[PDB]
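Each chain gets a letter, A, B and so on, in the order its sequence line appears, and its residues count up from 1. Reckoned from all heavy atoms, side chains included, excluding hydrogens, waters and symmetry mates.
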Amino acid sequence: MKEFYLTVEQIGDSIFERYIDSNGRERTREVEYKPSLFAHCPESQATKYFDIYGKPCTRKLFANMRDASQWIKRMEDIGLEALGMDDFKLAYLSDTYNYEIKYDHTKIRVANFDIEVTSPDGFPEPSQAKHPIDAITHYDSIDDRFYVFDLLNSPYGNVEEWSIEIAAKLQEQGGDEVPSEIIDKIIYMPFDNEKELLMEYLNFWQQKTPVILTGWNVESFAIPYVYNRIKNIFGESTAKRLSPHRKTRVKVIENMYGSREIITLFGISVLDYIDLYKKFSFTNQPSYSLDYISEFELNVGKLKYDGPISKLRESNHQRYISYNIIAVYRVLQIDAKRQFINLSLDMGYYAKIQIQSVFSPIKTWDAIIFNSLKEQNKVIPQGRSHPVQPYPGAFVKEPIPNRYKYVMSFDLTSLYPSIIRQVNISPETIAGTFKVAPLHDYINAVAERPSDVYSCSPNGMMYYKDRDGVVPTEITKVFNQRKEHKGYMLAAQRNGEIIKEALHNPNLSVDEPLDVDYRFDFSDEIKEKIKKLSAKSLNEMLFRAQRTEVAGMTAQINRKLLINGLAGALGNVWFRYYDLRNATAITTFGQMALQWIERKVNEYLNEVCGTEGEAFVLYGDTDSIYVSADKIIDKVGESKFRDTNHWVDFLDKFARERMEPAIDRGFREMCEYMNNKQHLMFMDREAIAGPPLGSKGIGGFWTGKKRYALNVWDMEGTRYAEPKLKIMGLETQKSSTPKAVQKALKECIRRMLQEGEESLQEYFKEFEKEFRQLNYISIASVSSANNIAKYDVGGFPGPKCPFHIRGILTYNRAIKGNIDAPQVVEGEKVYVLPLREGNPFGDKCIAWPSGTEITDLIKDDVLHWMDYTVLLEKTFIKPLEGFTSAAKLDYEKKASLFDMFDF
DNA sequence: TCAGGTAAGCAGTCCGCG
DNA sequence: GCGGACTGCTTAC
Ligand SMILES: Cc1cn([C@H]2C[C@H](O)[C@@H](COP(=O)(O)OP(=O)(O)OP(=O)(O)O)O2)c(=O)[nH]c1=O
Ligand SMILES: [Ca+2]
Ligand SMILES: [Ca+2]
Ligand SMILES: [Ca+2]
Ligand SMILES: [Ca+2]
Ligand SMILES: [Ca+2]
Ligand SMILES: [Ca+2]
């Protein structure tokens, strides 16, 4: 096997590297790496190094890394460009791994741990670390073992040994329901004192030093706590053994509001799973507690316990230890599903970066482009300082607020990256500028053709056409990877729908799930065998189909994130290739393409229906168009269809055979208009929407930009066994809206689109009548809480105080002088509820940490003074009024004349 | 909420709107 | 009441 790196660090004048050697063994080496940088020179000619612009460069080989860094400072003092990779470990990896890296994950030590620390006086601050660490579970992926370190004797209590036998038993037997599949994988180590616990942990850490270190909030809690605790007890040198190079750094993380401190452990890549989840999951949650995310991702219920956590070890150490083990497991289960570690490794090695750099598309692209250019002997430019300037983005059409019965959407494949490729936008393909006409002139094809020589964007920029730029070239590579995984995702989706179909008629027989690859469309053979399976086996298969879909989704959606991130990286001052000319060239081009093809679709459809000037495109956002299809359906007549699937077939055929060709023709013309290098505007049908045939459903509606709902039957080639509501923007999609309210609004929408005005009024009446039985948490609003301090004036709301902040301030007064009550954390999310006037809290609302029950100190009093009426109007009625009005219907039955009986 | 980008919606505060 | 200016927060793309 080829070697691969595990980690890389710069310490003084040494590169420190952990790696896997050609034998498959983990290794560590110190390399006094001498870096090279470059300077412009006259042709000469030496001379094999050229900058991206083609200007000749002399390589300057440095004695050590500090000389190289100091030289960069001198070149700035003098006012001259210091060229080349100034992040010296990237140059190191580039020289040391001059090939496409093939990693073997089973050789990489992925660790995930969680710790427990008991605290009577509130939250155990990692900076202080003044309380004993009384438990650590550390799973090791190489050993496949959960290592449990359990403190028996504490100032906060002396406990008995944990029982694995009691832990395995059901909650109903009195045990802790530790999953049977991990029981045998537990290595349990009890300790008589915390010193002996920490000493073994460090010895253990040394024998099995993590490469990849993860967990839930491990970066913000477990790592800083463990390091500081050890620091307080043994001294800093001992704490520093958490790093295989014995180097650590207190690092300050800045944001908009304040600053926290984390501990950088050199020679380890920390990928905090909460952070992977937030970057890669593409879900906005009301809470990021492990409990909450586990429920959502895995459908496993909350770990129940009586009393507060700060009394749990003392009252139930058995359960304490067991919940610490389950915590670690639940993260592994989430990763088994979402595969974010795999993803991170994939991308990290592809880019040749430190794995933890995957969180930064800027750092990822810097490296991909650097390695690409080094291969051609090209030298990268120096990073400059730029002032942050706003620039324009996409076009969003203003829709006429209305019901819309029949809709087909069309969408451009990977828009921004395709534009980069079509136009050939790169730092070194800039050819010049042309005199620009107002955008509408280019849209309506009446402006002077920008150029006869170069590939153009309507923002004024012209690009070379002889060769592909390094941005287009490299972005094409990641795009192709993305297209493979998306293939798998869509295939697993289709497969999922065939299984769902077969569930309508499950055979009565004891059998097993078929060994199949859900990444590929089911053969006719597999299809028939499925029609013969039991409900149990079909369900087990659906689950696997849905897991294959989620793995494909992660691999595809995040590659899409990386490629789109390049488009935006160009508009980021910290990026080596920041150029607002290039970022605006991408966005302006997109504005044109959309509005150009709106004009084209209108013309085609107006011609084919024999009308003049009617809008067929009702809406569009960034890269998609929504086309009214009422007139196409009405031409062949609604009564001419067998069932819903029949008109869905018909429109599918209309869109694939008549529409897309016309759209392709239109986009080809725009390519030759802008004189682009390559036609890559591919706009395929996405969704086909409408009511169930024979129903009073309205099909879909829009209330404004980014706010609409559609009843979808087919999406990207997936024919739904059950119609799917595609709701964009509306309150059902916002994390700030209550759960109960999301469900209810959704049902109201379902009824409007699938059933009609009457069915809608049935539900609203019933909801309104029962809503006061709903659990207080399921009707709380959620909100992130920033700048509580800013609006805090002596316990009371300052001027302009936000509603949710007032709720927090109210919560603070009610719990004042109590260290044990859960504190609201600045920057996290809170649940919010309105309070009836006259309450003992003395204000109109209260807030408390989301994902939690409100403390028993005030719960009863909160539940009593809860303003239901206000909740109903704000979160539910108002939004519903907005839907019903846009769609031209009523949620309350209005008074007619056909009713007054007997009169 | 350390970690590509812009567009644009809605809740709420404050206050004008004779 | 409702909107406009403004802050704060969230989603669509
Ligand atoms: C979803 C999304 C889109 N965009 C921009 C860039 C996209 O090219 C453009 C269109 O978005 P999308 O239509 O959502 O996706 P896409 O065209 O990039 O890729 P595909 O349709 O094949 O899945 O909007 C972002 O900048 N960030 C995002 O998170
Ligand atoms: Ca815990
Ligand atoms: Ca698209
Ligand atoms: Ca798409
Ligand atoms: Ca059957
Ligand atoms: Ca789209
Ligand atoms: Ca097509």
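- Proximity of A:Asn564 to the phosphate of B:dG4: no side-chain N or O atom is located under 4.0 Å from OP1 or OP2.
- The ring of A:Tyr626 has its center closer than 6.0 angstrom to the ring center of A:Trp702.
- Residues meeting the salt bridge (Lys or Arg N to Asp or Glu O under 4.0 Å) test with A:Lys363, sequence neighbours left out: A:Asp87.
- Taking 4.0 Å as the cut-off between side-chain N and carboxylate O, A:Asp272 and A:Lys278 do not count as a salt-bridged pair.
- Not counting sequence neighbours, the partners of A:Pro849 by the side chain to side chain contact (heavy atoms under 4.5 Å, CB included) test are A:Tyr811, A:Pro822, A:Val824, A:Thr852.
- The residue A:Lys790 sits close only to the backbone: its heavy atoms come under 4.0 Å of sugar-phosphate atoms, none of a base.
- Remark: A:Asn255 is in phosphate contact with B:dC2, judged by side-chain N or O atoms under 4.0 Å from OP1 or OP2.
- In the helix from B:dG5-C:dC13 to B:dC17-C:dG1, the end axes, each obtained as the rotation axis mapping the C1' atoms of four pairs onto the next four within a five-pair block, lie 30° apart to the nearest 10 degrees.
- Using a 4.0 Å cut-off between charged nitrogen and carboxylate oxygen, A:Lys726 and A:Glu686 count as a salt-bridge pair.
- Remark: A:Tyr578 is not in phosphate contact with B:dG4, judged by side-chain N or O atoms under 4.0 Å from OP1 or OP2.
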Which donor-acceptor pairs under 3.5 Å do side chains of residues 211-222 of chain A form with protein atoms, sequence neighbours excluded?
residue: A:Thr214; atom: OG1; partner: A:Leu271; partner atom: O; Å: 2.6
residue: A:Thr214; atom: OG1; partner: A:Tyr273; partner atom: N; Å: 3.4
residue: A:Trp216; atom: NE1; partner: A:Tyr288; partner atom: O; Å: 2.9
residue: A:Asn217; atom: OD1; partner: A:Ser220; partner atom: OG; Å: 3.2

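- For A:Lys829 and A:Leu566, each mapped to the nucleotide of DNA chain B holding its nearest heavy atom, the one lying further toward the 5' end belongs to A:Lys829.
- Judged by the 6.0 Å and 45° rule, A:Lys477 forms no cation-pi pair with A:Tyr350.
- Following rounding to the nearest Å, A:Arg260 (CZ) and B:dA3 (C1') show an atom-to-atom distance of 11 Å.
- Among the atoms of the strands shown, only primed sugar atoms or phosphate atoms (P, OP1, OP2) are found under 4.0 Å from some heavy atom of A:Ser783.
- A 4.5 Å side-chain heavy-atom check between A:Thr875 and A:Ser781 finds at least one atom pair inside the cut-off.
- Remark: A:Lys743 engages no residue in a side-chain hydrogen bond (donor to acceptor under 3.5 Å, both in side chains) (not counting sequence neighbours).
- Taking 4.0 angstrom as the limit, A:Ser735 places a side-chain polar atom (N or O) nearer than this to OP1 or OP2 of C:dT11.
- Looking at which nucleotide of DNA chain B each of A:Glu826 and A:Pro392 is closest to, the 5′-most match is held by A:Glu826.
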Extract from the structure each pairing of a protein N or O with an N or O of nucleotides 10-14 of chain B at less than 3.5 Å, listing the distance.
residue: B:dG12; atom: OP1; partner: A:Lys874; partner atom: NZ; Å: 2.7
residue: B:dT13; atom: OP1; partner: A:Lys844; partner atom: NZ; Å: 2.8
residue: B:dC14; atom: OP1; partner: A:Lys800; partner atom: N; Å: 3.0

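- Applying the 4.0 Å criterion to OP1 and OP2 of C:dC9, one finds that A:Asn786 has a side-chain N or O inside that range.
- Between A:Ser360 and the phosphate of B:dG4, there is a side-chain N or O to OP1/OP2 separation shorter than 4.0 Å.
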